[PDB]
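Here is the structure we will look at, set down as structure tokens.
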Amino acid sequence: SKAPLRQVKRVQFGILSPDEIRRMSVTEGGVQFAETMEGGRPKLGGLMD
Amino acid sequence: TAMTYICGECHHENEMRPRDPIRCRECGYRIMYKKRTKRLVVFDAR
Amino acid sequence: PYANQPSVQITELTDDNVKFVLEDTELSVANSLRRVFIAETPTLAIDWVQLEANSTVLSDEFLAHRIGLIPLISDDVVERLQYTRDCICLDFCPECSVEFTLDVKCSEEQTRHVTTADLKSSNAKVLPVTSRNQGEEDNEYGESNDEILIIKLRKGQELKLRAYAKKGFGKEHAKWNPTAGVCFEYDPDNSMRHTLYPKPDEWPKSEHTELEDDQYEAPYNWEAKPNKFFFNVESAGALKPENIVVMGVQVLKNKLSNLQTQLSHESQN
Amino acid sequence: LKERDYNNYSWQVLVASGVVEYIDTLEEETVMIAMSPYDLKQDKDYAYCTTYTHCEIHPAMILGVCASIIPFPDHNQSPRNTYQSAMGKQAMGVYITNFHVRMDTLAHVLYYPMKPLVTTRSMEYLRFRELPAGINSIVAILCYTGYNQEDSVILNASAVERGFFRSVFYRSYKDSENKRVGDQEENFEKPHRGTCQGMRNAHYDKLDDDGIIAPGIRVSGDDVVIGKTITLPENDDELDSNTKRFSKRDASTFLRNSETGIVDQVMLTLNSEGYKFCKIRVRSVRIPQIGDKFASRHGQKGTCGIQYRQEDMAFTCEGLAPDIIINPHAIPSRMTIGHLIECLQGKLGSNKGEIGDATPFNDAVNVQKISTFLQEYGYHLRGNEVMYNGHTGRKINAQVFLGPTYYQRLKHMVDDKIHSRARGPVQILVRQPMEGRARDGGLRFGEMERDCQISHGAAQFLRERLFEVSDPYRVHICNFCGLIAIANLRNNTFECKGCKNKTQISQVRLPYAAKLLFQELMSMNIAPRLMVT
Amino acid sequence: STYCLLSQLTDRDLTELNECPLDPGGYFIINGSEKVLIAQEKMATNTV
Amino acid sequence: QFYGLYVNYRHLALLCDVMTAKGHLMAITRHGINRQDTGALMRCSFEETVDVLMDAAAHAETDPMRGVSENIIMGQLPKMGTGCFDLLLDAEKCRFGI
Amino acid sequence: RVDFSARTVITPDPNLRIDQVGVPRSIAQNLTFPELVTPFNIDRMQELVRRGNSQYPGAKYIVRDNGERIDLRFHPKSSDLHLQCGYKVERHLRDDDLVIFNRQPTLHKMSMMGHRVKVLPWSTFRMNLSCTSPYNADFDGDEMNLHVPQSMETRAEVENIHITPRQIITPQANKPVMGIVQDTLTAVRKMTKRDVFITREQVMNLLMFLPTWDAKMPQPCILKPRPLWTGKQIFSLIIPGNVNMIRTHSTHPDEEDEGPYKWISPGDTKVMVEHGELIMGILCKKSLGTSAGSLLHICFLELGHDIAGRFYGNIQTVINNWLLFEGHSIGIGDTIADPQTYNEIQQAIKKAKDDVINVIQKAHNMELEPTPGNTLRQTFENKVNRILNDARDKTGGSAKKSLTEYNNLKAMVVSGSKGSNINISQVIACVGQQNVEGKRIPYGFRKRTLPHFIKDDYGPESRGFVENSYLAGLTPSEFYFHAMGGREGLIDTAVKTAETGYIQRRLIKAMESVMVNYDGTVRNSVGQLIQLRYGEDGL
Amino acid sequence: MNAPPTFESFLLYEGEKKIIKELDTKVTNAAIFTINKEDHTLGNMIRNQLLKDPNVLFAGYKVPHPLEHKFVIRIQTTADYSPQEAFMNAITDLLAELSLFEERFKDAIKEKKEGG
Amino acid sequence: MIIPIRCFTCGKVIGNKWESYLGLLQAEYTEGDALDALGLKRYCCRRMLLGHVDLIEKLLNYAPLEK
Amino acid sequence: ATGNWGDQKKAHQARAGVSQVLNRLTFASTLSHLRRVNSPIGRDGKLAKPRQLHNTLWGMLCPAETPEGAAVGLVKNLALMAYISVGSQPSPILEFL
Amino acid sequence: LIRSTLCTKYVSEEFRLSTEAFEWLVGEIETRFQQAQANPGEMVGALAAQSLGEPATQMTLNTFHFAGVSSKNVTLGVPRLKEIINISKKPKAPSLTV
RNA sequence: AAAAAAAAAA
Ligand SMILES: [Zn+2]
Ligand SMILES: [Zn+2]
Ligand SMILES: [Zn+2]
Ligand SMILES: [Zn+2]
């Protein structure tokens with residue numbers, strides 16, 4: 001990894017805004033289906049995203 | 001190779017292949033024991 | 001700066017026990033003689049047990065343990081047999097080990113007592129100790145079961161085994177112990193005050209005492225040194241007790257000569 | 001009652017005759033109970049009471065089962081009696097007479113259990129004479145080379161080689177097939193390399209043709225002992241038919257790792273579901289060694305500090321080397337005088353040839369009476385003997401207390417307790433080491449260890465034991481947002497979704513448990529932003 | 001107990017069934033495991 | 001002194017000065033330790049972890065990474081004991097070696 | 001949970017010095033240390049990686065520069081057995097390896113300390129005996145933990161902070177935590193008596209166990225007719241450097257110091273060491289224990305940690321080998337008093353019982369004036385308890401006074417090794433009064449302790465006074481009373497332990513970051529000032 | 001598990017010398033002899049035979065650990081007589097004493113058996 | 001289960017002295033006279049015979065596994 | 001088999017440890033497990049009064065057999081002649097009265 | 001303590017110290033007073049908490065041999081410690097010594 | 001492989 005290794009200096013606590021949660025989520029369109037497993041492959045938008 | 005077991009109450013040399021059900025064929029007792037091996041193991045007397 | 005002059009007087013000798021007195025020797029020599037009688041005196045005992053039929057009520061290692069503790073007559077044999085580590089053999093040469101066999105099958109309704117009489121030997125000189133007991137036809141004691149009971153069997157149980165007896169000493173394992181208790185005692189009258197009695201009248205007198213009835217301790221002699229030692233060597237049946245003493249002195253002499261040889265070998269440096 | 005010992009005057013006839021009543025714990029407030037018939041015959045001038053309604057049969061019946069095996073419990077301190085009642089259940093011996101057909105998961109059976117020389121009458125009814133747990137041993141209470149300090153004991157090595165406290169540990173394993181109609185199918189057969197997937201590295205040659213080992217086979221280490229292969233699910237991929245090199249998977253039963261022994265018994269049967277069911281019993285030999293827990297019948301527990309051979313052992317004028325040396329410093333703070341009385345009466349009963357009586361509250365047994373009887377057999381009246389040094393041969397200046405007692409081996413061997421770990425399995429959640437010896441888990445560096453490592457002022461030992469050898473991890477953190485960022489290490493790209501940041505990404509080493517804490521707090525709608533700048 | 005098969009059997013009859021004559025009993029066999037019921041203390045009902 | 005045990009005066013005076021530092025009675029409970037001005041990770045490590053953490057979330061409390069338990073959570077070398085300083089390589093002291 | 005650790009049962013080993021621990025061979029083969037590869041040890045590390053994991057000593061891995069791990073658990077490719085400078089090889093745990101040794105529960109600072117590995121044959125962690133006091137170990141099946149540091153900076157921290165001779169003095173009470181215990185202390189008391197004369201042969205055996213001896217034999221105390229040394233003359237060789245100390249033995253009379261024999265003791269009870277050699281007195285727990293100003297404290301403060309740590313082990317090897325000449329043993333003869341003393345004790349107990357019967361009679365006859373501050377029951381119970389406790393203490397004092405010098409129970413009491421006066425009193429004279437919550441045995445029945453007594457009986461038999469000793473054996477009623485008395489100690493040990501641990505956790509969490517800073521001030525984590533100097537003097 | 005083999009108490013390993021002589025540096029004419037795979041037997045006899053020599057000044061043995069079968073003797077003599085020569089003389093005198101005891105015991109056994 | 005071959009502290013052979021001990025016990029003797037007649041003068045060997053219980057006679061009552 | 005003394009779905013309200021695996025290590029251990037009395041007080045009480053050996057346990061329960069640790073005085077063992085009442089109908093005593 | 005012991009009477013009439021002995025004594029006193037100073041960075045709060053909580057495990061050895069001489073309600077032992085650590089606004093046994 | 005319960009050791 002060609003990233004700088006730095007020690008943290010402080011921990012800034014806070015509340016995650018819904019806009020920040022929608023931005024940082026890798027599930028585009030949201031998690032929609034409660035079925036974990038779909039026919040031999042994991043289902044996008046499921047619980048095994 | 002059909003191997004042999006000992007009935008619990010008959011003490012009889014039952015023999016079968018390893019797919020037959022566990023059952024004595026003279027009295028019908030469900031528990032059979034495996035015979036002591038023919039392989040010789042060395043014991044020190046200490 | 002020279003050696004002592006040990007004088008020995010034997011008070012009792014029988015087929016399993018010797019009682020004697022050492023005169024004019026150091027205490028280290030007598031204690032080391034006791035240690036080499038207990039530990040480093042070699043004898044023959046069974047060490048290699050192989051079972052082919054063990055349908056009895058006891059396990060394999062329990063029977064091997066009980067067989068291995070059986071004393072064997074090894075007076076004329078143990079000085080000629082070598083250790084297994086000192087032979088060029090691999091499969092248990094007759095100059096390395098003694099073969100024993102046992103094969104008892106119980107077919108009677110009564111209890112079969114498998115004893116040492118059923119333990120046959122390939123060597124005509126190595127036998128269990130009950131060869132001394134089977135010849136007593138004057139048995140007014142009332143019981144002919146004078147043999148070491150290996151196991152008891154009921155009907156349908158069998159025991160077949162092949163065993164090899166090796167040469168070893170009691171330092172390696174206690175089954176090679178030739179003695180059955182070496183009593184060792186010096187200064188029975190407490191003339192040296194090596195031990196301190198809070199009440200000397202409360203102590204029974206030793207059998208080697210020299211005091212009369214109203215005396216309890218000898219007077220204190222600060223000039224006294226231990227030069228009289230009472231030994232009682234009792235055999236377990238493997239060796240005669242005089243052979244125990246002779247082979248113990250021979251083993252001590254061999255150890256000291258080996259130490260001398262190793263010192264003279266390292267001296268050229 | 002002597003003729004019910006012949007025929008028929010049972011205890012029910014005795015109660016029905018009207019001489020014995022069952023008084024419960026609520027009627028005891030209204031009755032007067034005599035301690036003994038000696039209390040009844042007192043003259044009325046000095047009588048404590050003249051209206052007695054009941055009499056105790058024997059006061060020694062106030063004890064239980066494990067507490068009534070103690071010889072002279074009225075001469076000991078009460079917590080020592082409680083400790084012996086706790087440790088009598090953990091003794092070792094022949095637990096049952098039909099142990100050859102029983103298959104328990106753990107069993108301990110001594111080779112030569114003996115009944116005590118110093119018995120109580122209450123053990124006539126507990127059948128302790130017929131199923132004993134312990135050995136009568138010659139013990140000397142002295143200080144020899146300092147290896148018996150702090151309640152430890154010194155064993156005679158030659159005696160142990162002669163069969164002193166040698167035992168057998170039986171361990172049973174079991175397995176069963178499953179032929180349910182909707183399930184995978186498994187069978188008892190010897191597994192094969194080309195037909196079984198994920199086979200563990202073990203010795204499969206000891207099994208028979210049915211995958212079940214034979215009795216008498218020596219097993220050690222990680223030897224496989226029951227062969228069971230399960231059919232793989234029908235994942236018949238049509239894209240590549242050559243990838244199904246195995247149709248079965250190994251599901252065998254393996255021996256426990258640090259144990260050796262001989263297979264004692266093998267049985268096959270049918271369970272309640274009718275499938276094949278194998279149970280095997282493997283025996284191991286437990287020879288006493290350094291660290292095995294031994295105990296008296298008076299709460300004098302300890303471990304074997306060292307074992308000496310007979311030539312290095314302290315010895316009497318009769319050549320009697322004792323089996324066990326205990327320390328005399330375990331006596332005064334414990335006040336187990338009943339241990340010393342048991343030793344004295346054991347010496348008297350062994351010389352005379354009688355089984356001594358140690359029933360509590362017996363006025364017929366006294367220390368002076370045992371001393372007077374022991375004086376007649378040519379021994380010192382307090383049981384002392386003059387012993388000699390094993391190494392040198394010199395007399396011991398202080399006379400020492402020797403005699404036979406009854407000691408019990410306990411089940412807490414060191415081979416069942418020793419554990420070490422360098423690197424092994426980790427948990428699937430926190431990636432920390434596992435729990436227990438059986439799962440090969442590490443030790444718990446708890447809070448108090450952290451407290452006193454803070455008290456030592458050692459920062460690097462704390463950082464090692466709490467970050468370096470527990471669960472190190474590296475995470476990639478956005479500089480602006482302080483949260484966990486996407487890091488693709490193959491093409492060396494970094495991307496924060498919440499900030500659209502591609503360049504300003506730092507790397508932070510941290511414990512894995514801290515990462516689960518931060519992600520769980522991110523599930524708590526909390527942003528623990530690690531401001532690395 | 002009364003309703004078990006080992007009720008009032010002799011030592012030879014118990015040994016022929018591979019059972020210990022010194023076994024006190026007092027336990028159930030549930031799925032092959034020996035289970036014992038511990039007596040539980042309680043306050044005496046119908047008592048003031 | 002009721003039990004005859006002796007503790008040195010400094011270890012007692014330190015506690016007596018810790019409790020009386022804030023001007024009132026700061027008890028050693030969850031009502032005196034968690035009401036201090038220390039960090040969130042230090043206070044949540046003792047008692048009421050979720051309540052302290054969510055109060056610090058709602059109030060945006062900044063943990064300055066000065067305690068020992070905070071650096072233990074971070075896995076860094078804690079600024080305490082022997083980690084209360086930094087070692088720097090002297091460039092001009094690198095004299096003749098091998 | 002940590003990775004590199006071990007845990008096993010402990011057993012004593014008096015032949016190990018206090019900064020050593022005996023490690024089994026299986027634990028030593030399982031645990032590894034990642035030693036860096038230097039040009040200094042390149043041949044030894046090459047033969048270590050050639051030996052492999054099958055033989056001890058050996059290695060399990062080579063950790064090279066890029067993090068690649070080379071297994072040696074399976075003979076791997078001779079081209080992979082290349083040791084470059086800077087590589088790490090996880091060798092087996094050999095001798096003189098620094099480890100961290102810990103017993104749980106951890107109460108104080110000295111409950112986990114540094115030790116040096118000595119690899120021993122059997123399978124239990126053998127430590128020294130003087131380390132029993134800081135670890136609170138008992139050698140009765142205790143399990144104990146070992147941690148192996150995995151870096152040389154942590155190894156140096158174990159060496160320079162955690163090691164055992166640096167942890168001798170508690171900061172808790174400025175006293176040593178380790179003292180001479182058990183038969184070592186008993187034979188110290190038995191050796192340093194005045195009458196102990198030791199021949200030339202025994203001195204020459206005993207000097208083999210003193211490695212700090214300068215190979216110069218001291219001149220004997222007696223030169224004619226037989227050369228003899230004393231016990232003090234060979235204890236003087238054990239004491240190193242310039243150590244000067246005056247204390248008193250536990251049986252020193254109070255009027256001897258004001259008499260003319262102050263500096264020449266008739267009983268040899270004034271312990272004095274001048275210039276590092278013992279001159280007067282018989283040593284005991286007061287001289288060689290954990291007490292302040294003892295010999296161990298003085299030699300630590302005058303000589304340093306290393307010399308004191310060697311002095312802890314130099315006592316034990318000499319003393320335990322002189323104990324092979326002397327010997328020590330308790331028996332049933334040590335618990336039996338003189339018949340005249342037995343008659344006096346029984347007469348004193350009977351007189352005390354008559355006194356408490358007379359107290360009961362005067363209380364029933366309305367003749368007992370209550371003391372101010374308490375009621376009539378409290379006054380009566382105080383008088384009864386005072387009478388019975390005075391009887392027990394007087395009978396125990398007479399029993400201890402009547403014992404001879406050959407008694408070994410008295411020897412272990414006056415040596416301080418084990419026991420006290422109450423043990424002698426309860427074994428020889430009488431057990432005494434049983435107490436539940438500091439009171440009489442309560443009336444569990446209606447006005448009766450047991451159904452064999454009478455209602456409203458306040459005499460000492462029904463109350464719970466045990467008039468018999470442990471040697472004589474207890475009557476069944478007083479056996480049950482002693483059972484109730486002994487249950488209370490176990491109950492008090494259980495209930496408390498939870499809130500004591502909770503109090504310890506609360507105290508350690510309130511003060512976990514309070515540290516002496518570089519300006520001398522004492523501050524917490526937030527930098528708030530607590531003390532301008534630590535302990536108000538900065539020491 | 002960790003039980004050592006029972007033959008290591010009397011058997012040398014590969015390349016293990018029995019006697020390791022170490023010269024002492026604190027005083028003059030002193031040596032420390034280390035003998036492997038032996039015990040208190042030989043050490044007690046050799047030391048108590050050495051103490052009959054007037055030309056020795058110090059002689060003492062020690063077993064450093066019961067679990068290690070090894071013992072040492074420190075020997076310090078006068079300045080005309082090597083400690084190694086003293087150890088030779090002690091071993092030779094012990095051998096002569098044991099041979100004399102062996103022949104006297106054989107004579108006593110012979111006369112006790114023939115005398116009846 | 002069965003009598004040991006040798007005394008533990010002592011090493012004296014006691015494996016031949018159990019059936020004789022039982023016969024002397026059942027004839028008319030006490031235990032002390034039986035142990036004196038067997039020659040076991042030391043109490044280290046007398047504790048090996050007084051305390052021993054014969055559990056192999058109970059084990060022999062069970063039927064063997066193989067006929 | 002489980003020891004939870006009640007319904008399987010509602011085992012949280014049931015007492016645990018009523019049925020225990022029989023201890024087969026020694027004969028005395030089996031006899032002590034078959035004669036065990038358990039107090040329903042939980043093993044976390046700071047109150048010392050239920051754990052004390054009462055006067056009324058004379059010859060009914062064993063005074064010197066309690067477990068060590070937090071369960072001291074709550075688990076106990078019967079005396080050698082302790083006979084628990086089987087139970088009987090109170091009718092014929094009432095008609096006789 | 002220095003002035004009360006190193007007075008001109010004790011070092012001359014009682015101790016009779018020489019010159020070089022006196023400078024050796026002065027140098028040793030100065031050196032070992034330097035050595036007794038507290039190290040900066042030493043964790044004294046946790047050391048104080050452990051050195052005060054360790055005697056609390058030993059506060060049960062004086063449980064027996066108690067009868068009571070005064071009928072004054074006093075809380076003793078670890079719960080009394082609990083009353084001082086927690087700052088209990090209602091003590092179990094409040095008492096004035098007047 | 002997880003979770004729960006029980007029995008224990010210091
Ligand atoms: Zn059949
Ligand atoms: Zn050969
Ligand atoms: Zn971001
Ligand atoms: Zn014997």
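Here's how to read the names in the structure tokens: chain A, B, ... by the order shown, residue numbers from 1 in each chain, ligand numbers from 1 in the order shown.
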Close residues, stretch 415-417 of chain G itself excluded, 7 Å, only C-alpha atoms (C1' of nucleotides), min 5 positions apart in chain, as number ranges by chain = G: 181-182, 185-186, 189, 284-285
With C-alpha atoms kept, could you save the residues just selected as a PDB file, in the first residue's frame?
ATOM      1  CA  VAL G 181       9.934 -18.689  54.352  1.00  0.00           C
ATOM      2  CA  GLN G 182       9.116 -22.242  55.524  1.00  0.00           C
ATOM      3  CA  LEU G 185      13.489 -19.832  57.855  1.00  0.00           C
ATOM      4  CA  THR G 186      13.150 -22.665  60.389  1.00  0.00           C
ATOM      5  CA  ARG G 189      16.625 -20.109  63.320  1.00  0.00           C
ATOM      6  CA  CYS G 284      13.944 -15.187  62.808  1.00  0.00           C
ATOM      7  CA  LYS G 285      11.085 -13.561  60.883  1.00  0.00           C
TER       8      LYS G 285
END
Please check which protein, DNA or RNA residues sit within 9 Å of ligand 2, counting only C-alpha atoms (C1' of nucleotides) and all ligand atoms, and write them as number ranges by chain.
-> C: 81-97
Prev. selection, C-alpha atoms, output as an mmCIF file, in the first residue's frame:
data_model
loop_
_atom_site.group_PDB
_atom_site.id
_atom_site.type_symbol
_atom_site.label_atom_id
_atom_site.label_comp_id
_atom_site.auth_asym_id
_atom_site.auth_seq_id
_atom_site.Cartn_x
_atom_site.Cartn_y
_atom_site.Cartn_z
ATOM 1 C CA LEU C 81 24.957 -61.262 29.171
ATOM 2 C CA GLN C 82 25.519 -57.849 27.625
ATOM 3 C CA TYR C 83 23.158 -54.914 27.430
ATOM 4 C CA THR C 84 21.008 -54.430 24.340
ATOM 5 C CA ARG C 85 22.878 -51.199 23.588
ATOM 6 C CA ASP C 86 26.210 -53.073 23.695
ATOM 7 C CA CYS C 87 25.346 -55.844 21.210
ATOM 8 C CA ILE C 88 25.902 -55.933 17.465
ATOM 9 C CA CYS C 89 22.616 -57.856 17.309
ATOM 10 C CA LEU C 90 19.245 -56.363 16.489
ATOM 11 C CA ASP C 91 16.699 -59.186 16.914
ATOM 12 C CA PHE C 92 17.467 -60.131 20.528
ATOM 13 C CA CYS C 93 20.447 -62.494 20.464
ATOM 14 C CA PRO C 94 20.669 -65.264 23.114
ATOM 15 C CA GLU C 95 23.751 -63.506 24.537
ATOM 16 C CA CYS C 96 21.595 -60.372 24.930
ATOM 17 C CA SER C 97 18.218 -61.539 26.231
#
Run DSSP on the backbone and give me the residues of chain E it puts in strand (DSSP E), as an NGL selection string.
-> :E and (28-30 or 33-37 or 39-40)
Would you work out the distance separating atom CA of residue G:55 from atom CA of residue G:1, expressed in Å to one decimal?
-> 29.2 Å
Env. residues ligand 1 / 9 Å / only C-alpha atoms (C1' of nucleotides) and all ligand atoms / as an mmCIF file with N, CA and C atoms, in the first residue's frame:
data_model
loop_
_atom_site.group_PDB
_atom_site.id
_atom_site.type_symbol
_atom_site.label_atom_id
_atom_site.label_comp_id
_atom_site.auth_asym_id
_atom_site.auth_seq_id
_atom_site.Cartn_x
_atom_site.Cartn_y
_atom_site.Cartn_z
ATOM 1 N N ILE B 6 -18.763 -59.810 17.555
ATOM 2 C CA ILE B 6 -19.205 -60.643 18.664
ATOM 3 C C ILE B 6 -20.552 -60.122 19.138
ATOM 4 N N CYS B 7 -21.547 -61.002 19.188
ATOM 5 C CA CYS B 7 -22.833 -60.651 19.773
ATOM 6 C C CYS B 7 -22.693 -60.423 21.273
ATOM 7 N N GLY B 8 -23.541 -59.540 21.803
ATOM 8 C CA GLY B 8 -23.436 -59.166 23.204
ATOM 9 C C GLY B 8 -23.803 -60.286 24.159
ATOM 10 N N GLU B 9 -24.848 -61.047 23.836
ATOM 11 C CA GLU B 9 -25.294 -62.131 24.696
ATOM 12 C C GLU B 9 -25.112 -63.517 24.096
ATOM 13 N N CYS B 10 -25.026 -63.642 22.771
ATOM 14 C CA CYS B 10 -24.695 -64.934 22.181
ATOM 15 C C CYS B 10 -23.213 -65.258 22.313
ATOM 16 N N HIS B 11 -22.360 -64.222 22.305
ATOM 17 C CA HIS B 11 -20.900 -64.340 22.171
ATOM 18 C C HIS B 11 -20.529 -65.166 20.942
ATOM 19 N N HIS B 12 -21.203 -64.886 19.830
ATOM 20 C CA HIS B 12 -21.108 -65.690 18.622
ATOM 21 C C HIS B 12 -20.397 -64.909 17.525
ATOM 22 N N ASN B 14 -20.390 -63.547 14.568
ATOM 23 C CA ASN B 14 -21.188 -63.074 13.446
ATOM 24 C C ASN B 14 -20.259 -62.483 12.400
ATOM 25 N N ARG B 23 -27.078 -56.468 13.508
ATOM 26 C CA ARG B 23 -28.099 -57.379 14.005
ATOM 27 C C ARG B 23 -27.485 -58.760 14.163
ATOM 28 N N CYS B 24 -27.673 -59.368 15.330
ATOM 29 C CA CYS B 24 -27.289 -60.759 15.507
ATOM 30 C C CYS B 24 -28.230 -61.659 14.720
ATOM 31 N N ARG B 25 -27.673 -62.703 14.114
ATOM 32 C CA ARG B 25 -28.440 -63.600 13.265
ATOM 33 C C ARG B 25 -28.827 -64.900 13.959
ATOM 34 N N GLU B 26 -28.575 -65.022 15.257
ATOM 35 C CA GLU B 26 -29.052 -66.172 16.015
ATOM 36 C C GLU B 26 -30.030 -65.803 17.115
ATOM 37 N N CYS B 27 -29.860 -64.643 17.751
ATOM 38 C CA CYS B 27 -30.778 -64.194 18.785
ATOM 39 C C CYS B 27 -31.358 -62.812 18.536
ATOM 40 N N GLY B 28 -30.768 -62.019 17.646
ATOM 41 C CA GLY B 28 -31.308 -60.716 17.320
ATOM 42 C C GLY B 28 -31.037 -59.661 18.370
ATOM 43 N N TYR B 29 -29.768 -59.453 18.697
ATOM 44 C CA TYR B 29 -29.366 -58.485 19.704
ATOM 45 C C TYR B 29 -28.615 -57.359 19.009
ATOM 46 N N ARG B 30 -28.957 -56.119 19.352
ATOM 47 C CA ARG B 30 -28.553 -54.976 18.544
ATOM 48 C C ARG B 30 -27.113 -54.532 18.763
ATOM 49 N N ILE B 31 -26.425 -55.039 19.779
ATOM 50 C CA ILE B 31 -25.094 -54.560 20.135
ATOM 51 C C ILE B 31 -24.088 -55.656 19.815
ATOM 52 N N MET B 32 -23.092 -55.325 18.993
ATOM 53 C CA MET B 32 -21.982 -56.225 18.723
ATOM 54 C C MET B 32 -20.663 -55.491 18.905
#
Would you list the residues that come within 8 Å of ligand 4? Count only C-alpha atoms (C1' of nucleotides) and all ligand atoms and give the answer as a ChimeraX atom specification.
-> /C:180-181 /D:320 /I:6-12,40,42-46,48
Nearby residues, ligand 3, 10 Å, only C-alpha atoms (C1' of nucleotides) and all ligand atoms, as a PyMOL selection string = (chain A and resi 20+23-24) or (chain D and resi 477-486+495-502+504-505+529)
Using only C-alpha atoms (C1' of nucleotides), which residues sit within 9 Å of stretch 216-223 of chain G once same-chain residues fewer than 2 positions away are excluded, as a list in words?
->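 My reading of the contact set: residues 197, 200, 204, 213, 214, 225, 226, 227, 228, 229, 230, 233, 234 and 237 of chain G; 26, 27 and 58 of chain H.
Every protein or nucleic acid residue with an atom no more than 7 Å from stretch 3-17 of chain E, counting only C-alpha atoms (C1' of nucleotides) and leaving out same-chain residues fewer than 2 positions away, appears here: residues 1, 19, 20 and 21 of chain E; 61, 62 and 63 of chain I.
In this model, the gap between atom CA of residue H:61 and atom CA of residue H:44 comes to 7.6 Å.
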For chain J, which residues have at least one atom within 6 Å of chain G, if we go by only C-alpha atoms? Write them as a PyMOL selection string, please.
-> chain J and resi 46+53+55+69-70
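You will find atom CA of residue G:476 at 21.8 Å from atom CA of residue D:370.
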